[PDB]
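Worksheet for the structure shown next.
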Amino acid sequence: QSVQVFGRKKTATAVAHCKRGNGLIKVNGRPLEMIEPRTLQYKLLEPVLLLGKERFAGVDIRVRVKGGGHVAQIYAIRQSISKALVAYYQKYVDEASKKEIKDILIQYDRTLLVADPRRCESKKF
Amino acid sequence: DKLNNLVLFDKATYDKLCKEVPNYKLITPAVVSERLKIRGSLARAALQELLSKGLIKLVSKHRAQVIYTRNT
Amino acid sequence: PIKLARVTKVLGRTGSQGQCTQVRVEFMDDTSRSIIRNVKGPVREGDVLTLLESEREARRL
Amino acid sequence: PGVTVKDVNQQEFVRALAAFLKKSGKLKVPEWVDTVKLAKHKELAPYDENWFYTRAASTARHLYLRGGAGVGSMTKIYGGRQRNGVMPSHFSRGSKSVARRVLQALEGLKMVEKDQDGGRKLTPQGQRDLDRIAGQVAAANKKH
Amino acid sequence: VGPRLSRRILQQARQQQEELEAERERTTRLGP
Amino acid sequence: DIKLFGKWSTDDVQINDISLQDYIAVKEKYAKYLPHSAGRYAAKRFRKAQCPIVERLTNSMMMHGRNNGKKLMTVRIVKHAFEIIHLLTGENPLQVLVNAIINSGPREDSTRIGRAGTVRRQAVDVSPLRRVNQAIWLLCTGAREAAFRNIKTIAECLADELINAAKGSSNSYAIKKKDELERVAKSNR
Amino acid sequence: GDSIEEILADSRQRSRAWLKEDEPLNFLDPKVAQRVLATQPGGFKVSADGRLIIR
Amino acid sequence: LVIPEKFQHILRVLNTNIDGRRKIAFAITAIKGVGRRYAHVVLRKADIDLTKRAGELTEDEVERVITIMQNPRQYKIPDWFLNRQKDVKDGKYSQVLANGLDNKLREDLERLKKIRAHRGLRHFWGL
RNA sequence: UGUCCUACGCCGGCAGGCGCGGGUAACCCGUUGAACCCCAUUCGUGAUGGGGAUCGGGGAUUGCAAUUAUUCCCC
């Protein structure tokens, strides 16, 4: 059993696949804890810290990320992992955990589940 | 006016460094350079040497800012 | 003496360029006194001000 | 179960592979190693005197991550920003001869070979060596 | 989402599906 | 427990001034891991009172041209500032941050009016939002124009300015400019 | 074809798609194609009696 | 470390003063005719520690680095890397450093003045 | 955007030179390996390793032709 969700930012897109596993997190085939900017490392790590590593202990995810810049890619990744876990605990796990987890994410940060629809404006002749 | 920071250890400067730096509660290149009137690159070298002899504790390392402090 | 007092009603934008706000203010320590003041900055209902000289009441047409 | 290159810190991996290729000592070091700038947008010679081993280690890693890279691709990879005087800056590529000499030295060590559809790519034996040094990086870092 | 970003997302998800499904000379003679 | 930079707690943070409890947002809902959020705290009026205050410093250190847009540099700056101010003072950095914000915001300003040639100054009160904004701006200007041409880095000067405005000693830039503004306001009642 | 609005009408390019974002979009769901669209989402003088005037 | 007993604050090379309280790779550039690139290449050919300061070099080190800057072609410093590649009067590759740079500059100006080309006449009409 | 855009191979330190392929194009340049940014090194308040103007020498390239510096590269 597996799900596939996406998150976005200005142009950065992240596609996350969520399968039964043991708690290893892959983004572009690379581990979560080695993505280049360390100054935003906790911004990458907020869903795990808010939910605990025990909720991730029976699942694995792989995220392919394309577009954007460094920061936009990080935000798309965190939206992708949050939406992937919400979709998985909605589809194959009971709904009460999905609702309480969704409440935790949305009280901490709306952009963990709702896309920011801001993009560059066009210039007209 | 024009600063005349020393490019290398003088004898009295080295002794004063070795017995007055390890009690400051804040060790950065800038404070040692400003209050010892020494060039900041050699201040960094002296701080690295004091770290190498196991007498001063490093707190965080960066290319932009390095901070040390006392052991106890 | 420093005396603190809460905004109840903003009376409107005053000043030549509209740079100040005329506002209705009541004190917390004695919630009976009422004064009119001019403030600089954005003020909404519920803001609490610190007045250095809480004797005069300001005025502009 | 074996850790790959993509499983570790890249800077420590590059430094450890540079130490590996230095202690091997069988790369063909060019005669002009200490008299060149690595691109036309540079301002000084490289400050690390055995830069060739570092560049070869990074080159091997970059071919591991993406095959089919020629000399032009590696000049695009190491290109940077030329500050054109009082004129606006631009993107400038690297020097072609340095990338070519690194690739030919890696072929001379038999770590890298051509393919039929384009530029250079990794040999299986060099890939085994690269996985070995990656495991050494992971043991020296993640087990410490 | 809009055309361009959704197109990139769709092709990216398709490539991820194929790389999940992923994990000799041509037939030069007719008869064995 | 949500911690700034993984090692700084906001539970023991006590705000002293009654005027600013709604306008210095650092508590259990405004506690964040990092001063970077990509938040749209300026699309509507008074939304920036919900911005965490370290994000307001982080947004206000990106000044004078070259530093515009460089926020990761600024998150780094305030991080190193928190470490060095904790080492030099020995307590929670966020507490002397909110102390310097409270002690740096001017309580009585002067407005310039004029009709024709005659230009005079009238003393007026300040909003709490403007109090916090002016405190942040004066502290950032103090650190920035404090270093600018010396061996001391930006983080050390920011932490020293933050201490020097937290205790209110007159060697700080922000408390000097605030005292000057309060003096001209008292002279222009 | 037979809708009211189509009949009451005043009478590269085809590869464009619109996603929609609600539950998160599960691409592996068999019923996902319902949330992927193929098109862009989204005079007379009345008399005193109220009868319209036609000319 | 500490100051050596023979730390030279002032060096006198090629009829030109050198500030000894500096890195060697820029105290070389303190004179004319050598910038940062040629100083680095000279020091790498000479096999001198560039981390070392200028004031603590021995007499053998300063005489060998002076020797190498006078005859760089002999020490495999390439032809393209040199200051004067083809001297107009006597075609040969060299590196004019302290007074020879001024000599060749002013004699080139006198050569352009004698032939009355545009460049020399315009330069001397500029003052 | 492209019948001048260019992959790749060889030579030269660099501009550049030679050969051999793709592209009348969501097919090839191109998974457009951009810069700021991020991480380590040197620098230490110094008109200084900031700043590059203006010059001296040589090489290369586009043109019938580069002088009054076409443009680029090195010192």
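Chains: A, B, ... in order of the structure tokens. Residues: from 1 per chain. Ligands: from 1, in order shown.
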request  = Pull out every residue of chain I that has at least one atom within 10 Å of chain B, counting only C-alpha atoms (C1' of nucleotides), and report them as a ChimeraX atom specification.
outcome  = /I:39-46
- Message: Taking only C-alpha atoms (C1' of nucleotides) into account, find every residue of chain A that has an atom no more than 9 Å from chain I, and write it out as a list in words.
- Response: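 Every residue meeting the condition is included here: residues 36, 37, 38, 39 and 70 of chain A.
Atom pair atom CA of residue 27 of chain A / atom CA of residue 82 of chain A: separated by 13.6 Å.
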Requested in this report: Return the neighbours of chain B among the residues of chain F, cut-off 10 Å, counting only C-alpha atoms, as a list in words.
Outcome: residues 73, 76, 77, 80, 81, 83, 84, 85, 87, 88, 89, 90, 150, 151, 152, 153, 154, 155 and 156 of chain F
Mind checking DSSP for chain D and telling me the strand (DSSP E or B) residues as a VMD selection string? chain D and resid 69 80 to 82 90 to 92 112 to 115 118 to 122
Quiz item: How would you write, as number ranges by chain, the set of residues in segment 45-82 of chain H that DSSP gives as alpha helix (DSSP H)?
Solution: H: 45-46, 59-70
Next, the residues of the selection above should be written as a CSV table (one decimal), in the first residue's frame with N, CA, C and O atoms.
chain,number,residue,atom,x,y,z
H,45,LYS,N,57.8,28.2,-7.7
H,45,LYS,CA,59.0,27.7,-8.3
H,45,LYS,C,60.2,27.7,-7.3
H,45,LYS,O,61.0,26.7,-7.3
H,46,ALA,N,60.3,28.7,-6.5
H,46,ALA,CA,61.4,28.8,-5.5
H,46,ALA,C,61.2,27.8,-4.3
H,46,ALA,O,62.2,27.7,-3.6
H,59,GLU,N,69.0,35.0,4.3
H,59,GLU,CA,69.7,35.7,3.2
H,59,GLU,C,69.7,34.8,2.0
H,59,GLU,O,69.6,35.3,0.9
H,60,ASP,N,69.8,33.5,2.2
H,60,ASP,CA,69.8,32.5,1.1
H,60,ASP,C,68.4,32.5,0.4
H,60,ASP,O,68.4,32.5,-0.9
H,61,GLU,N,67.4,32.6,1.2
H,61,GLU,CA,66.0,32.7,0.6
H,61,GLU,C,65.8,33.9,-0.2
H,61,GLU,O,65.3,33.9,-1.4
H,62,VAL,N,66.2,35.1,0.3
H,62,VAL,CA,66.0,36.3,-0.4
H,62,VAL,C,66.9,36.4,-1.7
H,62,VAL,O,66.4,36.9,-2.7
H,63,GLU,N,68.1,35.9,-1.6
H,63,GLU,CA,69.0,35.9,-2.7
H,63,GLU,C,68.5,34.9,-3.8
H,63,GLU,O,68.5,35.3,-5.0
H,64,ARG,N,67.9,33.8,-3.4
H,64,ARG,CA,67.4,32.9,-4.4
H,64,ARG,C,66.1,33.4,-5.1
H,64,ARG,O,65.9,33.2,-6.3
H,65,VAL,N,65.3,34.0,-4.3
H,65,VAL,CA,64.0,34.5,-4.9
H,65,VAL,C,64.3,35.7,-5.8
H,65,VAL,O,63.7,35.9,-6.9
H,66,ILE,N,65.3,36.6,-5.5
H,66,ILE,CA,65.8,37.6,-6.3
H,66,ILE,C,66.4,37.1,-7.6
H,66,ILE,O,66.1,37.5,-8.7
H,67,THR,N,67.2,36.0,-7.4
H,67,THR,CA,67.8,35.3,-8.6
H,67,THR,C,66.7,34.8,-9.5
H,67,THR,O,66.8,35.0,-10.7
H,68,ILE,N,65.7,34.2,-9.0
H,68,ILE,CA,64.6,33.6,-9.8
H,68,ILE,C,63.8,34.7,-10.5
H,68,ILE,O,63.5,34.6,-11.7
H,69,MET,N,63.5,35.9,-9.9
H,69,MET,CA,62.8,36.9,-10.6
H,69,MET,C,63.7,37.6,-11.7
H,69,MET,O,63.1,38.1,-12.7
H,70,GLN,N,65.0,37.6,-11.5
H,70,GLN,CA,65.8,38.1,-12.6
H,70,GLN,C,65.8,37.2,-13.9
H,70,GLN,O,65.7,37.7,-15.0
Students should find that atom CA of residue 35 of chain A and atom CA of residue 55 of chain A are spaced 22.1 Å
Per residue of chain F within 8 Å of chain A, what are the shortest atom pair and its distance in Å to one decimal, counting only C-alpha atoms, with rows by chain and residue number, as JSON lines?
{"residue": "F:5", "atom": "CA", "partner": "A:42", "partner_atom": "CA", "distance": 7.9}
{"residue": "F:29", "atom": "CA", "partner": "A:108", "partner_atom": "CA", "distance": 7.8}
{"residue": "F:33", "atom": "CA", "partner": "A:42", "partner_atom": "CA", "distance": 6.6}
{"residue": "F:34", "atom": "CA", "partner": "A:42", "partner_atom": "CA", "distance": 7.1}
{"residue": "F:36", "atom": "CA", "partner": "A:40", "partner_atom": "CA", "distance": 7.7}
{"residue": "F:72", "atom": "CA", "partner": "A:39", "partner_atom": "CA", "distance": 6.7}
{"residue": "F:75", "atom": "CA", "partner": "A:39", "partner_atom": "CA", "distance": 7.3}
{"residue": "F:76", "atom": "CA", "partner": "A:39", "partner_atom": "CA", "distance": 7.0}
Near-residue 77 of chain D list (12 Å; only C-alpha atoms (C1' of nucleotides); drop same-chain fewer than 3 positions) as JSON, numbers by chain: {"D": [39, 55, 58, 59, 62, 63, 66, 69, 70, 71, 72, 73, 74, 80, 91, 92, 93, 94, 95, 96, 99], "I": [33, 34]}
Using C-alpha atoms (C1' of nucleotides), can you export the residues from the last selection as a PDB file, in the first residue's frame?
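part-v8.pdb written:
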ATOM      1  CA  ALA D  39      39.226  29.560 -15.331  1.00  0.00           C
ATOM      2  CA  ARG D  55      39.557  18.380  -8.662  1.00  0.00           C
ATOM      3  CA  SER D  58      35.178  15.987  -7.334  1.00  0.00           C
ATOM      4  CA  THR D  59      35.170  15.077 -11.030  1.00  0.00           C
ATOM      5  CA  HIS D  62      30.213  14.274 -10.426  1.00  0.00           C
ATOM      6  CA  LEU D  63      30.462  11.513 -13.039  1.00  0.00           C
ATOM      7  CA  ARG D  66      25.415  11.878 -13.585  1.00  0.00           C
ATOM      8  CA  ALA D  69      29.561  14.294 -19.065  1.00  0.00           C
ATOM      9  CA  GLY D  70      32.173  15.532 -21.521  1.00  0.00           C
ATOM     10  CA  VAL D  71      34.736  18.293 -21.140  1.00  0.00           C
ATOM     11  CA  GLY D  72      32.128  20.950 -21.913  1.00  0.00           C
ATOM     12  CA  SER D  73      29.848  19.689 -19.149  1.00  0.00           C
ATOM     13  CA  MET D  74      32.637  19.862 -16.574  1.00  0.00           C
ATOM     14  CA  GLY D  80      31.463  30.918 -11.983  1.00  0.00           C
ATOM     15  CA  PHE D  91      28.726  33.553 -16.043  1.00  0.00           C
ATOM     16  CA  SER D  92      31.967  32.120 -17.397  1.00  0.00           C
ATOM     17  CA  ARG D  93      32.930  28.490 -17.839  1.00  0.00           C
ATOM     18  CA  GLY D  94      36.035  26.714 -16.624  1.00  0.00           C
ATOM     19  CA  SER D  95      39.228  25.992 -18.495  1.00  0.00           C
ATOM     20  CA  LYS D  96      38.848  23.125 -20.963  1.00  0.00           C
ATOM     21  CA  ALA D  99      39.028  19.234 -17.250  1.00  0.00           C
TER      22      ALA D  99
ATOM     23  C1'   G I  33      24.690  21.137 -13.672  1.00  0.00           C
ATOM     24  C1'   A I  34      23.112  30.199 -13.726  1.00  0.00           C
TER      25        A I  34
END
- Task: Find the residue from F:10, F:19, F:118, F:141 that sits nearest to residue 2 of chain C; use only C-alpha atoms when measuring.
- Result: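 Answer, going by the shortest atom-to-atom distance: F:19.
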